[PDB]
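Q: Take this structure first; my questions come after.
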Amino acid sequence: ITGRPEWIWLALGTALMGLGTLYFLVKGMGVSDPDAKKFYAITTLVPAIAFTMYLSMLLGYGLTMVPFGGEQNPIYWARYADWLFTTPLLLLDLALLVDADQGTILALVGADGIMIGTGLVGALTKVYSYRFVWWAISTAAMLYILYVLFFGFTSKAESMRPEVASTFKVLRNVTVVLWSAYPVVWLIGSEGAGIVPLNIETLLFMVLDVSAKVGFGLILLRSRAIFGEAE
Amino acid sequence: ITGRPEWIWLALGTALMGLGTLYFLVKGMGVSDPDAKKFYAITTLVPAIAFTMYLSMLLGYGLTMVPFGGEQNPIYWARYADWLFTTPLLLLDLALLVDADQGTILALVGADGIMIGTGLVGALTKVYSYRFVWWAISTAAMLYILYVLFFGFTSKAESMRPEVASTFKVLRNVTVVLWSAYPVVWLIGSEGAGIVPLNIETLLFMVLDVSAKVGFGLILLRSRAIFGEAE
Amino acid sequence: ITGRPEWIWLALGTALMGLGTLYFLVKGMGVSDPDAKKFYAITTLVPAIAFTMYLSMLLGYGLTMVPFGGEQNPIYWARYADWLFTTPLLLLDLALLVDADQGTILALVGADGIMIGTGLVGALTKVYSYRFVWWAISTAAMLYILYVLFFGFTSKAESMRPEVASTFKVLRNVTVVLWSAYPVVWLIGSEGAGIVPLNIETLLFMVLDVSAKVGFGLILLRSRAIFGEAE
Ligand SMILES: CC(C)CCC[C@@H](C)CCC[C@@H](C)CCC[C@@H](C)CCOC[C@@H](CO)OCC[C@H](C)CCC[C@H](C)CCC[C@H](C)CCCC(C)C
Ligand SMILES: CC(C)CCC[C@@H](C)CCC[C@@H](C)CCC[C@@H](C)CCOC[C@@H](CO)OCC[C@H](C)CCC[C@H](C)CCC[C@H](C)CCCC(C)C
Ligand SMILES: CC(C)CCC[C@@H](C)CCC[C@@H](C)CCC[C@@H](C)CCOC[C@@H](CO)OCC[C@H](C)CCC[C@H](C)CCC[C@H](C)CCCC(C)C
Ligand SMILES: *C/C=C(C)/C=C/C=C(C)/C=C/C1=C(C)CCCC1(C)C
Ligand SMILES: *C/C=C(C)/C=C/C=C(C)/C=C/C1=C(C)CCCC1(C)C
Ligand SMILES: *C/C=C(C)/C=C/C=C(C)/C=C/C1=C(C)CCCC1(C)C
Ligand SMILES: CCCCCCCCCCCCCCC
Ligand SMILES: CCCCCCCCCCCCCCC
Ligand SMILES: CCCCCCCCCCCCCCC
Ligand SMILES: CCCCCCCCCCCCCC
Ligand SMILES: CCCCCCCCCCCCCC
Ligand SMILES: CCCCCCCCCCCCCC
Ligand SMILES: CCCCCCCCCCCCC
Ligand SMILES: CCCCCCCCCCCCC
Ligand SMILES: CCCCCCCCCCCCC
Ligand SMILES: CCCCCCCCCCC
Ligand SMILES: CCCCCCCCCCC
Ligand SMILES: CCCCCCCCCCC
Ligand SMILES: CCCCCCCCCCC
Ligand SMILES: CCCCCCCCCC
Ligand SMILES: CCCCCCCCCC
Ligand SMILES: CCCCCCCCCC
Ligand SMILES: CCCCCCCCC
Ligand SMILES: CCCCCCCCC
Ligand SMILES: CCCCCCCCC
Ligand SMILES: CCCCCCCC
Ligand SMILES: CCCCCCCC
Ligand SMILES: CCCCCCCC
Ligand SMILES: CCCCCCCC
Ligand SMILES: CCCCCCCC
Ligand SMILES: CCCCCCCC
Ligand SMILES: CCCCCCCC
Ligand SMILES: CCCCCCCC
Ligand SMILES: CCCCCCCC
C-alpha cells in the first residue's frame, strides 16, 4: 500500500468519509419527520459509497494501468464508480429541496450519467488525442447541469419557503464552484496532459470530494429546510 | 478509423443522433408544462445516449474481439450499453402516454432489462451453439413486452384522451415493427449465423436505431398528447 | 458442463427458478387490482433474473478464476449480478407491504447495494487477508438492513391491516433467517476460508436462493395482503 506516494491522501480520504458517514448516521437517529428522513438517507449514503471506493483505491483494487503516450499510466477507475452513484444523489438533494418537477430531475440525472460515463470512457481510452474528445463531451454535460441549477432551480427556490431558498442558494453556490474544479484537475492531471503529478492530483480530488460530500452534507443537515413546516 | 468498412455507417449514425439530440434540446426550450417536460426529458436523453455510444464505436472503444467458430469475431458491445438505457426510456415514453400503473411499468422495464442483458451475454458467449440459447431467452422477453404493449396498453389508451389514444397507437405500431427487426438482424448477422456481413449489419442497425429513436421522437414531440389538457 | 461436480446443483437451481417464474407468471394473469399487480411484477421478476444467472453459471459464462492463496480459485461472479437486482426487489416487496416512507426505502436499497457491491469486490480481491475486510463491511451493511426490518418496519406493520401485519411478520422472519446464512456460507466456502468445498457450497446457496425467492414468493402471493381493501 505504502509503495504508492499518493497512499497518504487515499488513507486520509477513507478516514474522513468513514467519519462523515458515522456522524450523519448518528445524527439522523433522532429523526421521524418523513421529509427529513429523505434528506438524511440521501446524504448519509453519499459518503458511505465514497468510503468504500476510497478504500478500494487504498488497497489497490480500484486502480488499473492504461497504455497511452507510450507509457503504462496508473488510472484510478474507482472514482467513476463512486461518482456514478454519488453525483446523482447530490443532485437529488438539491432537486428535492426546491420540489423540482419530475422531468427536470430526469434531465439532471441523465445528463449527470452522461457526464460520468463519458469521463470514464475518456479515462480508459488508449488513443491519447481521443481522451480529450470525451473530456469535452463530459464537460458539455456538466455545463448543462450547471445551467439548470441556475436558470431552472434558483427561480424555483424563490417561490418556496425562505429557509429552503436560502439553504438552496448556499448549496447551489458550493456545488457550482466545487464541481467545476473536477474537469480542470482531470485535464492537467495524470488522466489528461500530465502536468500535475498523480500524488498532487490525488490530494486535490480528496479535498474536493470531502468538501463536496461531507462539507455539503454538514450545511444541508443543519438546516431547518429539510423539515416539513410543522407546528 | 477508416480501416473498418463499416465506419461510414457508424459516422452517419453518430451525426444523425447528434443532430437529433440538438433538435430536441432546442425544441424543448420553450416548454413550461410539467407533463410535456417529462416527455422532452425522456425523449432528448435517448439520442444523446445513443450519440455517445455510436461515437465510442466509431473511435473503436466500443468494439471487442470474441473467439467463436475458430475465429476472432468483431463484436460491438457498446450497442448493449446504449440499449440498456435507451430501450427502457422508450418504453417509459409509451407507458406515461397511457398513464400505465406502476406494476405494469416495472414489468416492462424488468423484462426489457432481461432482454438486453441476455442479448449481451449471447453476444459475448464463446460456445457457438449457446449463443442461440441466449438469443431465444432474449426473444421471449421481447415477446412479453410486445404482448403487454398490445393487450395491456392499447385498451388502456382507448379510455384516455383521443389525442393520446391516436398518438399511442401510431407509436405502438412503429415500436412493434422496428423492434421486431433487431433479433432478426442479430441472428443473421455477425453475432449469429454470419450470413450478412458486418458492414451491412451495421447499416441495418443504424437505420433501425435512427428510426426507433429520432423517428419515434419526431412523432411524439409534435403531438399535443404530451401536454396536459389546459385552457 | 458436467466437468464440474457442482453442475448438478446449478442445473437444479436453474430448473426450480424457471418453474417458479412460470408459476408466478401464470398465477398473475388473472389480476387487475393495481396494488396486487405491483407485488406480482416485483415477485415474478426475482426468479426470472435468478433463472438467467443460474443458467449462465451452468453454461460456464458466469465463472471466473481468481488468484489467491497461490491457487486459481473458481469464483462464480454471476451470483452478485443476480443479487444486485433481486435483493433490492425482495426488500421492495417488504417495504411496499408496510407502506414504508421513501427515505426508508432509499436507505434500504442503498445499504443493500453497498452490501452486494462490497461482497463482489471481496470475491474478486487477490490479496487474501483483504477479502475478509470487504466481507466485514458487507456484513455491517447487512446488519443495518436487518435492524431496519425489525426496528423501523415491524412497528409500522402493526398500525396497518391485520392481514398485512401478519404476512409482513412471517416474511420478515423468513428473510432475516435466510439472509443471515449467506455471509456464513461465503466465509467458510471457496470465497473465504475454503473449509467447505465448492460443490457443497453451491448446494447450500441453491437451497437458500430457492427458499428466499420462490419460497418467499409463494407465501406473499397467496396472501390477501397484496390486494387493496375492496368490497
Ligand atoms: C439514464 C442515465 C443512466 C444514462 C447513462 C449515460 C451513459 C449511457 C453514458 C455512457 C455509459 C457507458 C460509457 C458505460 C461504459 C462502461 C464501460 C466503460 C465498462 C468498462 O468496459 C470498457 C472496456 C474496457 O475499457 O471493456 C472491454 C470490453 C468488454 C467485453 C465490455 C463488455 C461489457 C460492457 C461494459 C457491458 C455494458 C454494460 C453497461 C455499460 C453498464 C453501465 C456501467 C456504468 C459505467 C454506466
Ligand atoms: C430490473 C432489471 C434491471 C433486471 C436486470 C436483468 C438482468 C439480470 C439480466 C442479466 C444482466 C447480466 C447478464 C449482466 C452481465 C454483465 C456482464 C456481461 C458484464 C461483462 O462481464 C462478462 C465477463 C466477460 O464476458 O466478465 C469477465 C468476468 C469478470 C470478472 C466479471 C465480474 C464483474 C461482473 C460483471 C459484475 C456484475 C455487475 C452487474 C452485472 C452489473 C449489470 C451490468 C448491466 C449489463 C446489467
Ligand atoms: C445506490 C446504490 C446503488 C449504491 C451502490 C453501492 C456501490 C457503490 C457499492 C460498490 C459498487 C462497486 C464496488 C462496483 C464495482 C464493480 C466492479 C467489481 C466491476 C468489475 O471490475 C473490477 C476489476 C476487476 O476485478 O475491473 C478491472 C478494471 C476495469 C478497467 C474496470 C473499469 C470499469 C469499471 C467497473 C466501471 C465502474 C462502473 C460501475 C462500478 C458500475 C456498477 C456495477 C455494479 C456492480 C454496482
Ligand atoms: C463527490 C464527487 C463529486 C461531486 C464529483 C464530481 C465530478 C465531476 C463534476 C466530474 C466532471 C468531469 C468532467 C466534467 C469532464 C472530465 C472528467 C470528469 C469526470 C472529471
Ligand atoms: C434504440 C435501440 C433500440 C430500440 C433497440 C432495440 C433492440 C432490441 C429490441 C433487441 C432485441 C434482441 C433480441 C430480442 C434477441 C437478440 C438480441 C437482441 C438484443 C438484438
Ligand atoms: C436471492 C438471493 C438472496 C436473497 C441473497 C442474499 C445475499 C446476501 C444477504 C449476501 C450477503 C453477503 C454478506 C453479508 C457478506 C459476504 C458476502 C455476501 C455478499 C454473501
Ligand atoms: C482548480 C485547481 C487546479 C490548480 C492546481 C494547482 C496545483 C499546484 C501544485 C503545483 C504543481 C506541481 C508541479 C510540480 C510537480
Ligand atoms: C429485417 C431485415 C433482415 C433482412 C436483411 C436483408 C439484407 C439483404 C442484403 C444482402 C445480403 C448480403 C449477402 C451478400 C454479402
Ligand atoms: C449456515 C450453514 C453453514 C453450515 C454448513 C454445514 C455444511 C456441512 C457439510 C459438511 C462439510 C464438508 C466438509 C468435508 C468435505
Ligand atoms: C447510472 C446510475 C443512475 C442511478 C443513480 C441513483 C440515483 C437515482 C436517483 C433517482 C432520482 C429519481 C428520478 C425520478
Ligand atoms: C438496468 C438499467 C435499468 C434502468 C434504466 C433507466 C430507466 C428506468 C425508468 C424507470 C421507470 C420508473 C419505474 C417506476
Ligand atoms: C444497483 C441497482 C439498484 C437498483 C435495483 C433495482 C431495484 C430498485 C427499486 C427502487 C425502489 C424505489 C425507490 C424509491
Ligand atoms: C453556462 C451555465 C452558467 C453557469 C455555469 C458556469 C460555468 C463554469 C465553467 C466551469 C469550468 C469547466 C471547465
Ligand atoms: C405475441 C404478442 C403479439 C404481438 C407481438 C408480435 C410478435 C412479432 C414477432 C417478432 C419476431 C421476432 C423474431
Ligand atoms: C442487529 C439487528 C438485530 C437483528 C439482526 C440479527 C443479526 C443476525 C446476525 C446474522 C449473522 C451474520 C454473520
Ligand atoms: C493530443 C491533443 C490533441 C488535441 C485534442 C483536443 C480536442 C478537444 C476537443 C474540444 C472540442
Ligand atoms: C450451432 C447451432 C445449434 C442450434 C442451437 C439452436 C438453439 C435455439 C434454441 C431455441 C429453443
Ligand atoms: C488471513 C486472514 C487475516 C485476518 C483478517 C480478518 C479481518 C476481519 C476484519 C473484521 C473487523
Ligand atoms: C454500521 C452498522 C449499523 C448497525 C446499527 C444501527 C445504527 C443505528 C441506525 C439507526 C437508523
Ligand atoms: C473510523 C476510522 C476509519 C478509518 C479507516 C480507514 C483509515 C485507513 C487507515 C490506514
Ligand atoms: C453536429 C454534427 C455532429 C457530427 C459529429 C460526428 C460525425 C463524425 C464525423 C467524422
Ligand atoms: C421448464 C424447465 C426448465 C429447465 C431448463 C434448465 C434445466 C437444465 C437442464 C440441463
Ligand atoms: C465548502 C466548504 C464547506 C464547509 C463545511 C462547514 C460546515 C459547518 C456547518
Ligand atoms: C418510422 C419512421 C418515422 C418517420 C419520422 C417522420 C417524422 C415526421 C413527423
Ligand atoms: C422458507 C420456506 C418457505 C416455504 C414455502 C412454502 C410455501 C407454501 C405456501
Ligand atoms: C462520530 C460519532 C458522532 C457522535 C455524536 C455526535 C452528536 C450527534
Ligand atoms: C452566499 C453563499 C456563498 C457560498 C460560497 C461558498 C464558496 C465555496
Ligand atoms: C461560479 C464560479 C465558478 C468558479 C470555478 C472555479 C474552478 C476552480
Ligand atoms: C439543430 C438546431 C435546430 C434549430 C431550431 C429548429 C426549430 C426549433
Ligand atoms: C396507423 C399507424 C401506422 C403506423 C405504421 C408505421 C410502420 C413503420
Ligand atoms: C406487427 C408486424 C411486425 C413486423 C415484423 C417485421 C420484422 C422485420
Ligand atoms: C407451471 C404452470 C402452472 C400451471 C397453473 C397453476 C395454477 C395457476
Ligand atoms: C411466525 C413466523 C415464523 C416463520 C419462521 C420461518 C423460519 C424459516
Ligand atoms: C433471527 C435468527 C437468525 C438465525 C441465523 C441463522 C444463520 C444460519
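Q: Just want the ordering: A:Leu203, A:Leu25, from fewest to most Cβ atoms lying within 10 Å of their own Cβ.
A: Details: A:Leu203 18, A:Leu25 15.
Ranked by crowding around the Cβ, least crowded first: A:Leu25, A:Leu203.
Q: Can you compute the FRET efficiency between C:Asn173 and B:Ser32 using 1/(1 + (r/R0)^6), with r the Cβ-Cβ distance and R0 = 51 Å? Round to the nearest 0.05. Can you show the working numbers first?
A: Working: r = 51 Å, r/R0 = 0.99.
FRET efficiency, C:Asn173 to B:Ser32: 0.50.
Q: Can you list which of the DSSP-assigned H helices in chain B have a Cα extent of 27 Å or more along the long axis and an average Kyte-Doolittle score of at least -0.5?
A: Numbers: long enough: B:7-27 (30 Å, 1.44); B:34-59 (38 Å, 0.96); B:78-97 (29 Å, 1.10); B:102-124 (33 Å, 1.46); B:128-151 (35 Å, 1.28); B:162-188 (40 Å, 1.00).
Helices meeting the criterion: B:7-27, B:34-59, B:78-97, B:102-124, B:128-151, B:162-188.
Q: Per residue of C:59-72, count partner chain C-beta atoms within 10 Å of its C-beta, then hand back the mean as an integer.
A: Averaged over the peptide's residues, the number is 1.
Q: Expressed as a fraction of 2.2 N^0.38 Å, the rule-of-thumb size for a compact globular protein of N residues, what is the C-alpha radius of gyration of the range A:90-170?
A: Values: Rg = 15.4 Å, N = 81, 2.2 N^0.38 = 11.7 Å.
That ratio works out to 1.32.
Q: For peptide B:187-198, what's the mean number of Cβ atoms from other chains within 10 Å of each residue's Cβ? Before the final figure, lay out the partial values.
A: Details: counts 0, 0, 0, 0, 0, 0, 0, 0, 0, 0, 0, 0.
That works out to 0 on average.
Q: Run the quick spin-label model on B:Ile195 and C:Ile219: label points 7 Å from Cα toward the beta carbon, then report their separation in nm to one decimal.
A: It works out to 5.1 nm between the two label points.
Q: Here is a further query. Looking at chain C as a GNM with Cα springs under 10 Å, which of C:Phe68, C:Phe132, C:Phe24 has the largest mean-square fluctuation?
A: Comparing C:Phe68, C:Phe132, C:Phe24 in the GNM, the peak value goes to C:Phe68.
Q: Here's something else I'd like to know. For chain C, what's the relative contact order in percent, using C-alpha pairs closer than 8 Å and at least 6 residues apart?
A: Details: 271 pairs, mean separation 53.3, N = 231.
Here the relative contact order equals 23 percent.
Q: Distance from the Cα centre of the range C:33-69 to that of the range C:188-226, in angstrom?
A: Computed from Cα coordinates, the inter-centre distance equals 12 Å.
Q: Which is farthest toward the positive dipole end of chain B among B:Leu120, B:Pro67, B:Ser32, measuring Cα position about the Cα centre, with Cβ charges +1 (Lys, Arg) and -1 (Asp, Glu)?
A: B:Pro67
Q: To the nearest 20 debye, what is the magnitude of the charge dipole of chain A about its Cα centre, counting +1 on the Cβ of each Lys and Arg and -1 on the Cβ of each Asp and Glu?
A: Numbers: 14 positive and 16 negative charges, 43 e Å.
It comes to approximately 200 debye.
Q: Under unit Cβ charges (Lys, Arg +1; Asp, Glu -1), what dipole magnitude, rounded to 20 debye, does the range B:113-231 have relative to its Cα centre? It would help to have the intermediate numbers written out before the result.
A: On the way: 9 positive and 7 negative charges, 18 e Å.
Dipole magnitude for the range B:113-231 comes out near 80 debye.
Q: At 7 Å along Cα-to-Cβ for each site, give me the label-to-label distance between C:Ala230 and A:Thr64 in nm.
A: With each label placed 7 Å out from Cα toward Cβ, I get 5.0 nm.
Q: Rank the residues C:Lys213, A:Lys169 as a footprinting-exposure proxy: fewest other Cβ atoms within 10 Å of their Cβ go first.
A: Numbers: C:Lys213 28, A:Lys169 14.
Fewest-to-most Cβ neighbours within 10 Å comes out as A:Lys169, C:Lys213.
Q: Charges at C-beta only: +1 for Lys and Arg, -1 for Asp and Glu. How large is the resulting dipole of the protein assembly as shown about its Cα centre, in Debye rounded to 20?
A: Working: 42 positive and 48 negative charges, 112 e Å.
Here the protein assembly as shown has a charge dipole of around 540 debye.
Q: What relative contact order, as a whole-number percentage, does the range C:143-227 give when Cα pairs under 8 Å and 6 or more residues apart are counted?
A: Values: 51 pairs, mean separation 27.3, N = 85.
Relative contact order here is 32 percent.
Q: Still on this structure, I have one more. With springs connecting C-alpha atoms under 10 Å apart, model chain B as a Gaussian network and identify which of B:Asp35, B:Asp112, B:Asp82 has the largest mean-square fluctuation.
A: Highest fluctuation among the options: B:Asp35.
Q: Still on this structure, please answer the following. Taking only DSSP H segments of four or more residues, each worth -39500 (n - 2.57), what value at 222 nm results for chain C once the sum is divided by all its residues, to the nearest 500 deg cm²/dmol? All intermediate terms of the calculation are to be shown ahead of the outcome.
A: Details: 9 runs with 164 residues, N = 231.
One gets -24000 deg cm²/dmol as the mean residue ellipticity at 222 nm.
Q: Once Rh for the range A:91-231 is found with the Kirkwood sum over Cα pairs, what is the Stokes-Einstein diffusion coefficient at 10 °C and 1.306 mPa s, in µm²/s?
A: Values: Rh = 16.4 Å.
Stokes-Einstein gives a translational diffusion coefficient of 97 µm²/s.
Q: What Rg and what Dmax come out for the protein assembly as shown when only alpha-carbon atoms are used, in angstroms?
A: In order Rg, Dmax, the Cα atoms of the protein assembly as shown give 25.0, 74 Å.
Taken together, the values in this text are just the output of simple stated rules run on the coordinates, not laboratory data. Using ideal geometry, Cβ is built from the backbone for each residue, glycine included, and neighbour counts are taken over all protein chains shown.
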